[PDB]
Amino acid sequence: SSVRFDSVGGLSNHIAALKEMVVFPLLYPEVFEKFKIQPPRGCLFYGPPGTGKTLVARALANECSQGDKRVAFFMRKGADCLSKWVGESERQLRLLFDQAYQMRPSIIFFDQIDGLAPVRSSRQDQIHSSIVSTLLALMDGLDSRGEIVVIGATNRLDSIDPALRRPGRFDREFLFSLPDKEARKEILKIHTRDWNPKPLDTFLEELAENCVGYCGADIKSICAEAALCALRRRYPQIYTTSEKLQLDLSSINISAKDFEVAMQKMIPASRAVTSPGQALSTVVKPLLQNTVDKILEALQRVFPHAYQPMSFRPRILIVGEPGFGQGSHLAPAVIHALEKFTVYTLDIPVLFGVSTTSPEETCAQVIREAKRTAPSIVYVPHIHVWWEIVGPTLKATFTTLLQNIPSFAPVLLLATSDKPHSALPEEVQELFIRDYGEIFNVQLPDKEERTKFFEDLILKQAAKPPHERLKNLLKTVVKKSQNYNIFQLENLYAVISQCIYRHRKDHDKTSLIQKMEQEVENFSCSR
Amino acid sequence: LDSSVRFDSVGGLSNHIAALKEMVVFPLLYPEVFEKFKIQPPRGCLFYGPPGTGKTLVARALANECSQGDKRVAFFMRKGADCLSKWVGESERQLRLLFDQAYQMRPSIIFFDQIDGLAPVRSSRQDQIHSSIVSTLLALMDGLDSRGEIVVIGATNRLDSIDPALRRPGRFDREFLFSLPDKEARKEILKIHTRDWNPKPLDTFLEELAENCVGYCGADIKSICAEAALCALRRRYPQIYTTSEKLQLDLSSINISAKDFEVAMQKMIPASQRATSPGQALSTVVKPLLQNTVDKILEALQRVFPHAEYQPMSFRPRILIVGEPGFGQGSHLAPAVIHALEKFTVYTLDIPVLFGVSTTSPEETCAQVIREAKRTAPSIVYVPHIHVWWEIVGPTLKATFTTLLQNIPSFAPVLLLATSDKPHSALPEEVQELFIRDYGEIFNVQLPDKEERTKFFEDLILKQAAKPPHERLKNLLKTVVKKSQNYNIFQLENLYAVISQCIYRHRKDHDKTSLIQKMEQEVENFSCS
Ligand SMILES: Nc1ncnc2c1ncn2[C@@H]1O[C@H](COP(=O)(O)OP(=O)(O)OP(=O)(O)O)[C@@H](O)[C@H]1O
Ligand SMILES: Nc1ncnc2c1ncn2[C@@H]1O[C@H](COP(=O)(O)OP(=O)(O)OP(=O)(O)O)[C@@H](O)[C@H]1O
């Protein structure tokens, strides 16, 4: 009840263009008559859940209610205008509009419009058509309602009748996406303003990036869970009492461990489906960063969005012999590093994994959105298998549905295959022009990163408080592992760490060093 | 309610306004000819159309004109459902009272706005109240004890769901179609809304503007001007958005100029194509390359299709366009010819529309669309990429399409447009015989000439080469123009894109011959094929 255009983060264009429907005419009424303007007086909010849409309504109400100029405010729920008696289920609307009009100026806030104004059709009750009829005949009929601002909000945009969406009834539509890296530090700055041990800004600076997929509410919830877990760490015996105790509020400071434990304990909201973009694990990290960075360089060569930068039909392909893990370790890292651009999965488990609908419908739909949210990414894994599991109908549908895409739009098509481009079937080899720079060949890592992979486990992790032969073992294992694929690599790492985990309680070494040896020779990969 | 609308500020509807006053004024102004034959001229109207054309606006203008006049015909209006009453016996009685009051002040006009929510087509599956009110209205609108001389007018926004009975010559005997404005109507409404501007805009500027606003529907142009004004103010005094205080303003540097509409237009989409058309204009970059062949296609079509300007008379126009794959005859030509050929209702018929909606058999859609387009000739039917479309459809749909094409009237002017990549001979016999090439039903495509490519590249290579924040440039132009002799359109576009990339990469450098040398290395390095 005290939020005034300060608790919202990153919403600059929308706020700036929002104050110009309700404040400017009252503040500067000497300009609009100069040209007979009557500026637009309605707009619509919509975006994926948990992005903070009702807060801006709070903001306008709270800010404009108190000040030099006083404007009313009304609020309505989704289906609050329906009652039992037939002739008055609509009469309430007329009474409301009159009521607001006689106290003009004012604002009418419609919340959750989607359950109110469906698409008109004859496969339902006639009553919903009655309400939509009188409603759309009331904003702009024959009487020019005057100074009213109507505001609506919903999650599923397309399920609103195509009649309402034309200027005069609902004017503008606004995108409310997930926050980026910038907005995330902004919001965390906002929610930690009133803290005596003020956390260092460079600390929250690294705190920002690991919070991918987070949106508003998740950030707020984490800010509470951290403090709670700190208390949990501080006076743990509080769960074993049926009576009030005495607590000292001077030793429950907040530390990085609490942040980490809360972070690992909780999960982001976008929970319902899995996002095909993930950060590469710390375990494999010192092995593939060079590869990832090289791929990003090539992508920058072809797709310069990594005066306006301009492109023409951006495409690329990641292929390699099986066991290089190019389809389960490499690509999702590339997407995750390229955040700030929405990603749209399209593969076997999403197509056949959704029933009660046709594959072709969703295949058209996803490209529809990706176009509507340019620039964007379309992702399709395992093409050499994918092209064999679909009927001719879908082949035709997909292969014709992308030519109509405007040529200079920024849409990238990214796919991974395993069989080399020579063995791929025709009609797809025409979709990649590798003379252009549309094919990337992956190769084995060399010795340096190989050694870096094992050295941490085999030197420091091998010597802990709860020794020159180890150099020999390390060099031997490096020597023997120069022609393994990835899978054998992490299998070897797991088997090595398993021995340490087993020899945990033995306080004297030179008991497990032998075991390490036998594991070195007795464990052989198959190749 | 304003007094500023006096039929003067309404453009593009002359045929509907004309026949309309022949129903209200003439029975009173000249009440001697109408009784010469005892005619009782018709007393009903009904409106229907797409969202936004002035349907309610005509009603407003008519009431304004009529009341302030020599005759004082009374006026009324009931909203979509304004007559319902909770009492079992008053809901209908409201109607009778309304008509009765209209009778004592006769002559009168009754306007039912959004009749669709009031008069549904009668059915037994739903409530009785609607089925009773529709009866009560019809029994009194005309029957025993004739109404008198009041006029009943009804404007809706979807048409089908009206009881077919009310569509009889004597309740609703004249149905007026309302359509999207053409170019002339647009250029006239654009004058209308800017009737009083301090700098009066130039006519040619209005023509140039009207050429680009396509699909805009009556009120869209209304909103465009307000957007332009706000953009002008925003650019003019930017420090106004961070103040939250009263400021002083000089109301003389606030003039609206060009480049304001262009920025205003980008942040706007039309009302029709918000839920898209299969018609797109050629982009900025491509027009200088294909304008000539678009013109040539139009000329040939006019030769075969007279309706591309007694009366011109036609017999089953058809046309088929052939080009080698990569010639862009299905991604740059057909949309252009549809878009330039405006004012004809068009209905695409392609795969993502066929198998792209559930809960309907494909043959159902195929029959429905053609039935509609026939009912509203003239029109077009668009079937692109036939040489792939054919082997995809099953035999049953093939047969229903082949037969359902031939039940059209022989002289009904309905055009079918289709393109392919394979030459005509390779096509299957069935579609081969639907085309009679000797009649002039097949048009060829050829790659552009030297001048076209030169005019295509020269703007970027030469006039945009310097662009501050000289003799070698023509050499590069000649070299690249010759090096691209057998390239198709995709190659040419990609070449343009790569040139622009390296131009823009050194946006920051101020010395030349450091990116010109680049330009060379890339061009002789650009071994595309
Ligand atoms: N940019 C932000 N800055 C601060 N808090 C935010 C921000 N975005 C979202 N939030 C938080 O998320 C809450 C959600 O607000 P609001 O109800 O308007 O969201 P919504 O998009 O309508 O969500 P829902 O999915 O519930 O409909 C806010 O009250 C606030 O606590
Ligand atoms: N020729 C025109 N000249 C001036 N204004 C016009 C013209 N055509 C349309 N308009 C404007 O567009 C609107 C006309 O639409 P009207 O009020 O008749 O209902 P509608 O929007 O067509 O109805 P619905 O909600 O069924 O789509 C008015 O705001 C009017 O100012």
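Taken together, the values in this text are just the output of simple stated rules run on the coordinates, not laboratory data. Reconstructed Cβ throughout: ideal geometry from the backbone, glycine too, with neighbour counts over all protein chains shown.
Within chain A, antiparallel bridges make up roughly 0 percent of the DSSP beta bridges whose residues both belong there.
Across the stretch A:1-160, the relative contact order, built from alpha-carbon pairs under 8 Å that are at least six residues apart, equals 29 percent. Loop-located trypsin sites (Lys or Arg not before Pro) across the stretch A:127-215 with a Cβ neighbour count of 10 or fewer within 10 Å are A:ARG156, A:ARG193, with loop assigned by DSSP.
Which of the GluC sites (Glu not before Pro) across the stretch B:335-366 are loop residues per DSSP, with 15 or fewer other Cβ within 10 Å? Counting only loop positions with at most 15 other Cβ atoms within 10 Å, the GluC sites (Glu not before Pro) in the stretch B:335-366 are B:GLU342. Stokes-Einstein diffusion of the protein assembly as shown at 20 °C, 1.002 mPa s viscosity, Kirkwood radius from Cα pairs, rounded to a whole number: 61 µm²/s. Simple rule: put +1 on each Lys or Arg Cβ and -1 on each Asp or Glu Cβ in chain B, find the dipole, and look at B:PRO120, B:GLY218, B:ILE408; the Cα lying farthest toward the positive end is B:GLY218. Only one residue of B:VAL357, B:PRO306, B:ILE319 has its Cα farthest out toward the positive end of the dipole of the stretch B:267-382, where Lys and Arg carry +1 and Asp and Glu -1 on Cβ, and that residue is B:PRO306. Separation of the alpha carbons by more than 22 angstrom is noted, of B:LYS455/B:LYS508; B:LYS55/B:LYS259; B:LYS374/B:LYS398; B:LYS187/B:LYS296; A:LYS19/B:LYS246, for B:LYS455/B:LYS508; B:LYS55/B:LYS259; B:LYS187/B:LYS296. Per residue of chain B, the DSSP helices (runs of n ≥ 4 H) give a summed -39500 (n - 2.57) that works out to -12000 deg cm²/dmol at 222 nm.
Taking a straight Cα-Cα cut-off under 20 Å and skipping sequence neighbours fewer than 8 places away in the same chain, the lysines within cross-link reach of A:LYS479 are A:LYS447, A:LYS452, A:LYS471, A:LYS515. With only the Cα atoms considered, the stretch A:274-432 has a convex hull volume of 134 Å³ per residue.
Modelled spin-label separation between A:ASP80 and B:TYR241, with each label point placed 7 Å from Cα along the Cα-to-Cβ direction: 3.3 nm. Bridgeable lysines around B:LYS71 (alpha carbons under 20 Å apart, same-chain partners fewer than 8 residues away excluded): B:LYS21. In this structure, the pairs whose alpha-carbon distance is over 30 Å, taken from B:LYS183/B:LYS467; B:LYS38/B:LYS79; B:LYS267/B:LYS474; B:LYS287/B:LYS467, are B:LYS183/B:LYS467; B:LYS38/B:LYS79; B:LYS267/B:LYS474. Shielding of peptide A:132-142 by partners, expressed as the average count of other chain Cβ atoms within 10 Å per residue Cβ, is 6.
For the stretch B:4-144, just say rounded, prolate or oblate: build the C-alpha gyration tensor, square-root its eigenvalues into a ≥ b ≥ c, call rounded for a/c under 1.5, and beyond that prolate if a/b exceeds b/c, oblate if not. Verdict is prolate for the stretch B:4-144. For the stretch A:135-248, averaging the sequence separation of C-alpha pairs within contact (under 8 Å, six or more residues apart) and dividing by the residue count gives a relative contact order of 22 percent. Coordinate range of the alpha-carbon atoms in chain B per principal axis, descending: 92, 76, 48 Å. The distance from the alpha carbon centre of the stretch A:320-397 to that of the stretch A:159-194 is 27 Å, rounded to a whole number. For the charge dipole of the protein assembly as shown, defined by +1 on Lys and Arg C-beta atoms and -1 on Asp and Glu C-beta atoms about the Cα centroid, which residue among A:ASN196, B:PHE526, B:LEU28 has the Cα displaced farthest towards the positive pole? Farthest along the dipole direction, towards plus: A:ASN196. Averaging Cα coordinates gives a centre for the stretch B:23-60 and one for the stretch A:1-74; these two points are 46 Å apart. The chymotrypsin sites (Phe, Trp or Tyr not before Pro) found in the stretch B:52-110 that occupy coil by DSSP, while having at most 12 further C-beta atoms within 10 Å, are B:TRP87.
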